[PDB]
Structures are given as C-alpha cells and as structure tokens.
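Q: following this: a sequence and the matching experimental structure.
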Amino acid sequence: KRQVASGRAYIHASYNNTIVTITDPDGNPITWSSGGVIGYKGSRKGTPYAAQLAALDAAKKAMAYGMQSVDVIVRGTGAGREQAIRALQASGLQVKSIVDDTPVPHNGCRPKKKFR
Amino acid sequence: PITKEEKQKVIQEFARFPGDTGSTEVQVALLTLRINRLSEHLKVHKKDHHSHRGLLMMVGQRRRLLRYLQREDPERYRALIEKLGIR
Amino acid sequence: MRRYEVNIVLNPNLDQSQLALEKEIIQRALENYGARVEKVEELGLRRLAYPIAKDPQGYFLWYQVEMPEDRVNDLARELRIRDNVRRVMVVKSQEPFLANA
Amino acid sequence: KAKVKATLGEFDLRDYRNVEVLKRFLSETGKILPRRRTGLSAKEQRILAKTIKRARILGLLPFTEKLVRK
RNA sequence: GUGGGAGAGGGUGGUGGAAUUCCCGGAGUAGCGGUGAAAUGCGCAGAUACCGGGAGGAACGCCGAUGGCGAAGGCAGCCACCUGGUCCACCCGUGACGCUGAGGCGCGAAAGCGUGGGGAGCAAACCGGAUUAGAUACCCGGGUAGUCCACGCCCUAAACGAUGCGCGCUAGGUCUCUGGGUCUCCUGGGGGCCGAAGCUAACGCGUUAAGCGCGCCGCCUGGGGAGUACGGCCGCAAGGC
Ligand SMILES: [Mg+2]
Ligand SMILES: [Mg+2]
Ligand SMILES: [Mg+2]
Ligand SMILES: [Mg+2]
Ligand SMILES: [Mg+2]
Ligand SMILES: [Mg+2]
Ligand SMILES: [Mg+2]
Ligand SMILES: [Mg+2]
Ligand SMILES: [Mg+2]
Ligand SMILES: [Mg+2]
Ligand SMILES: [Mg+2]
Ligand SMILES: [Mg+2]
Ligand SMILES: [Mg+2]
Ligand SMILES: [Mg+2]
Ligand SMILES: [Mg+2]
Ligand SMILES: [Mg+2]
Ligand SMILES: [Mg+2]
Ligand SMILES: [Mg+2]
Ligand SMILES: [Mg+2]
Ligand SMILES: [Mg+2]
Ligand SMILES: [Mg+2]
Ligand SMILES: [Mg+2]
Ligand SMILES: [Mg+2]
Ligand SMILES: [Mg+2]
C-alpha cells in the first residue's frame, strides 16, 4: 500500500497476448495485468478486447494506489495495442504522453526460422 | 607505400636520358619497386590473395617488357639486370 | 609523417590538477611516439547524446599532428590506456568537402 | 513536409565534431534521413553518413531515439 | 610520367552502439509462452512485464538504392596501417612492346574434414508436444555437430547474364553512378529500361548484341542406361576429376 503519486505505464503488445505493467516515475513496477490475468485463456488472450480489459484492470488496481497520471511507453506490434491505449487514456487515469521505445536491433541476432 | 620522392629517385636513376618518364628500363624499374613492396607486403599477409593477383599482373608485365628488351637490345637487358638484380 | 586529428574525450569530473595530469600524459606520450603537434583545441566539457560511463557529459580535446604513420595505431593504444580517458579517435586529416551541393 | 538540406547554411560534411549542423540531418528518432527528406546528392549523402557515424561514436549524436506522441 | 577521382576490392590491428541470452541486485504477482485450436515447456526456489548493473558471443539498423567494388566465389557500423584493381584530365615518356591461351600454377558460396580455441542466437541428428488413416513432415517446445576464430585440407553449385576473352563498324531515346568541360548542354568510364538496322525457332537480343566482322581458347553431335562401370589421378575421409 504505497501512495504512489503520478507515474508511468508500459504497454507490451505482441501478437499472442497483451500485457500492461505500470510503474513509478523511477522505473520499478507497481501493478500489472494481461489478458491471461483476467479470465481469458487460449488465443483469446491476444484479443484487442482482452487487451482493453488488461489495461483496464491495470489502471484500476493502480488507481487505488493513488496513481494519477502516466507516461505510457509502447513496445511491440500487436493487435490490442490500440485498445490498450484507449483503455488507459479513457480510464480516467490521464495520459501524460505515449511513447515508442519498441526495440529493434542493429542486426545482431539470427532469428528463429519462423522469423526469417 | 610508395611516394613521389622515392618514385622519382628511381625514374631519374633509370631514365635513359634526362626527362625520360616512360621508357623501358624506367617502366621496368617502377615495376620492380611496386613488385618488391607488394612481395614483402605478402611476406606477411599471405592471407590477402587479391593483392597477390595484383602481384601476378605485375610480374607478368615486367616479364613481357623485359623480354622485349632482351629481343630489341641485349645490352640494355644485360645491364638492366645488372642494376635491377633479377631473372 | 602524415597529418591526423587526435580526439581525446575524457572523464568530465577531473578537477584541475587531475585534469592537467591526464592532459599532460596525453602530451608526453604524444611526443614520445614521435608526434609533433601542428595545432590543438580544448573545447572542454560538452554534453552527450548517450551516456559514456553513465556520464551525460565528457571533456573534449583535439590535436592536429604530423606523426610517423607506423606508430599512429600504437599511439592511439597508449592514450587508450588511461582510466580517465573515455573515448579516443585518430582521423587521418581531411581537406574539407562542401555542402548543400 | 519541407526539405531539410534545402534550407540551411553551406557547410562541411566532413566535419564530424559539429553537431548543430549535423543533428539537423537526423530524425524524430535517431535515424539518418533518406536523400528524399535531406536533398543531399549521392556523394553528399555518403560523406554525410560517414561523418554522422563518426559523431555517433564520438558521443555527440544519437544511435537511436524514441518516437514521441503515438 | 604527371595531375585529379570514386568505391561494402583485399589483409592485420584496434574498436563503437542496438538487440538476444545468461548472471547479479532492485521493485512486483500469477501466470507466461505458443497455435488453426492446443499440448509439451517455463512459473510462487516468485516467471512473464519495468529499471539498474555485469558478463559474452555474434552479427552490423537508419544511411541503402532500381546504388558501388572485384576476375570469379564474393565484399556492408567507425579508425589506422598494409595493399590490389580502376576512371577521367594533360598529350609529357617508351615505340607494336600487342590478343588469346593447351598444359602447369593460384584463387574458389555453403556444406563437409583434422588439430586447437570459442560458443550468445540459430540449429541437421536427436528428444518431446500437436496433427493426421499413419506423419519417421509441414506447426509447437527443447537441442548436438555446426554455424564463429586460427592453421591445414576439401575444390563442389541453378559457381546463372544459364550468354569465353580481345579489338573494329552499325539510329536513337530515357533513368543513372562516377570523372573532365567556355555547365537545359557537351565529352569519357560503369550500371538499367525502351527501341533503327539487323538477328532469332520463337521468346527475345539490339553500341552492356543474341547485329556486322577478325583472332584465340572451352565445348556439343537423339533419350534412358550414367555422370554409372572399369582404369588412372587427387583426397585423411566424405568424395572430386
Ligand atoms: Mg493465447
Ligand atoms: Mg580507458
Ligand atoms: Mg530478478
Ligand atoms: Mg510446474
Ligand atoms: Mg551472386
Ligand atoms: Mg587504392
Ligand atoms: Mg606524344
Ligand atoms: Mg621518338
Ligand atoms: Mg590471359
Ligand atoms: Mg571453397
Ligand atoms: Mg564453409
Ligand atoms: Mg571444424
Ligand atoms: Mg572443434
Ligand atoms: Mg524447431
Ligand atoms: Mg531453439
Ligand atoms: Mg565432430
Ligand atoms: Mg562465365
Ligand atoms: Mg559537371
Ligand atoms: Mg553509357
Ligand atoms: Mg530491348
Ligand atoms: Mg525491326
Ligand atoms: Mg544410344
Ligand atoms: Mg575409380
Ligand atoms: Mg589414397
């Protein structure tokens, strides 16, 4: 029960699921949710809908830490990135920014054949 | 590598008269210097073949040239082997 | 001899005495690998795009030298050594090609 | 969408330690921009790359940066 | 010769940031991953997601191109050295010195071999999970050689432009890389596209010829048997010719 003032939220959006981890302005987490966290199990884990609810339960759990406004990092290309945004900004958590940190390499690492 | 200084010391060494720039002895001499730097660049760096292709190009050219001397003038070939210390 | 720009970026938080020590050792070895200095500029503590040694700022100087080519690499390697040196780069100097063309 | 070589002062692309000019040639992220949005020619954009990398190594210029808004 | 170029042409030595993995700590809680759907798998010895730090290997994002270099094979972060080829200018030098090339010699993607290092990601074989009638597969989760480095062998290929090299002549037009020029333009050298003549079985080729000619090398002569057999040679072997 930490009384966390304002802060910053990370949307990690893959093809297969959507996870939201919200942290203090310092980088250390507070609360998080994914589609697997709410009801959904199989492929439905990566729905845009399941994503909106991840970001939603995350903003709620967070709202009760006295989280107020976040700077939203975005990483990943997935469906359910957009519903993750709209979920946050429209949670009444007010959005101080949104970003793209979405890391792509300078070509060092051979990928799995599924990715050539 | 090679500088105009060096190059010139040789040109003027082997210029068959003053102001000779491209004559046979001259051409061969320039060649020999090129060849010796390269060769010794290859005494280490055996691993760089491409430049060795270069070496081939050059040895051949100087050998044609030289043959042409031996043909034209046994004398210039005689003493340009005295000087240039080869074949 | 050939003409090179020696870029030495060092640890920003050297006070003067330290700073002149590193500045000096740079110089004595510079002189000892046979490198005469045609010019120098100390542009001092400039800020960084990405942290070097987690340090948002670094201290820059530059030496245009005429030095025997064989040793350039070695010389770099000496200036490298110091713990207070952050980044070293020797350029072979260039006639300055022009822009908006 | 303006042109980012096409208004600026005449200069040296070979000058690796000059930020104020060079960082203009980068992007809303750390990326060296296409001749399309610069307007340097062939030879130009080559030397430009080479020095921009020189600066990136030297610390002055970014390897990357993050897109803002979204 | 001289003067001026451009370039991932080669070797060696350094070295820089991104990302993956792993270890270290932080904060944090039930899942993560994965699919067509899912299971195997990993997770409360606290994973996924975020921050900090460290380690190590490998490869080089954007610039990057319809681009450039090299004889090919091939070559892409930055620096320095060591070097190969090459283009234009000047018309300065030699005076046909030229072309091609059986043999020989050198190079030669990857895979593979021997010794010695190295091993992050990937990944034959393998080990599991699916899926199907079955699935010795396609999909999923692991993983070994190997991929990396050195030295040494191997010498193959759709090693493709499926087009040997050199020189001479035969409308243009357009895009282009790189030189020189009294700089919409002219003039050399590369790379593309359309096309005169002409060629072609047609498709197409056409000043980067598959056109008109000359030199010189390699080569073919119905399909299968067969790139097999025998012989010889090379190779540690696999195998090559
Ligand atoms: Mg799922
Ligand atoms: Mg140091
Ligand atoms: Mg941990
Ligand atoms: Mg378990
Ligand atoms: Mg090829
Ligand atoms: Mg060269
Ligand atoms: Mg004349
Ligand atoms: Mg005469
Ligand atoms: Mg020949
Ligand atoms: Mg080979
Ligand atoms: Mg190999
Ligand atoms: Mg091996
Ligand atoms: Mg081994
Ligand atoms: Mg697999
Ligand atoms: Mg694997
Ligand atoms: Mg083995
Ligand atoms: Mg051929
Ligand atoms: Mg011009
Ligand atoms: Mg042309
Ligand atoms: Mg045509
Ligand atoms: Mg016709
Ligand atoms: Mg028959
Ligand atoms: Mg036999
Ligand atoms: Mg035998």
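A: Yes, it's here. Residues are numbered from 1 along each chain as shown, chains lettered A, B, ... in the order given. Ligands and ions are numbered 1, 2, ... in the order given.
Q: please enumerate the helices of chain C.
A: C:16-32, C:72-81 (DSSP state H).
Q: out of those, which comes closest to chain D?
A: Chain D sits nearest to helix C:72-81 of all those, at 13.5 Å, using CB to the nearest CB. (C-beta placed from N, C-alpha, C; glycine too.)
Q: counting neighbours, which bits of that closest one end up buried?
A: Along helix C:72-81, these residues count as buried under the neighbour rule (16 or more other CB atoms under 10 Å in any protein chain shown): C:72, C:75, C:76, C:78, C:79.
Q: can you tell me which of these is nearest residue A:48?
A: Each of the buried residues of helix C:72-81 was scored against residue A:48 by CB to CB, and residue C:76 proved nearest at 54.9 Å.
Q: OK, contacts around the closest one?
A: Shown in contact with residue C:76 (CB atoms under 8 Å, 6 or more residues apart in numbering or on different chains): C:88, C:90.
Q: from residue A:69, how far off is it?
A: To residue A:69, residue C:76 is 50 Å away according to CB to CB, to the nearest Å.
Q: for chain D, which residues are neighbours of chain C?
A: Applying CB under 8 Å from any CB of the partner chain, we find that chain D lies next to chain C at D:5, D:8-17, D:40-41, D:44, D:47, D:54, D:56-63.
Q: near chain A, which of these show up?
A: Among the residues of chain D next to chain C, the residues that sit close to chain A (CB under 8 Å from any CB) are residue D:63.
Q: just the ones of the residues of chain D next to chain C in helices?
A: D:44, D:47, D:54, D:56, D:57, D:58.
Q: which non-adjacent residue is nearest the fifth one?
A: It refers to residue D:57. residue C:89 (6.9 Å; CB to CB, 6 or more residues apart in numbering or on different chains).
Q: now, which of the residues of chain D next to chain C lie within strands?
A: Counting by DSSP state E, none of the members of the residues of chain D next to chain C fall within strands.
Q: which among the residues of chain D next to chain C count as buried?
A: D:5, D:11, D:13-17, D:40, D:44, D:47, D:54, D:56, D:58-62.
Q: ok, longest helix in chain A?
A: helix A:48-63.
Q: just the buried positions in that helix, please.
A: Going by 16+ other CB under 10 Å, helix A:48-63 has these buried residues: A:48-59, A:61-62.
Q: for the residue nearest to residue D:57, give me its contacts.
A: Residues in contact with residue C:89 (CB under 8 Å, 6+ apart) are C:6, C:7, D:54, D:57, D:58.
Q: hang on, the earlier thing: and the residues of chain D next to chain C near RNA strand E, which?
A: D:41, D:47, D:54, D:56, D:57, D:63 (CB under 7 Å from any atom of the strand).
Q: name the single longest strand found in chain C.
A: For chain C, the longest strand by residue count, based on DSSP E, is strand C:36-52.
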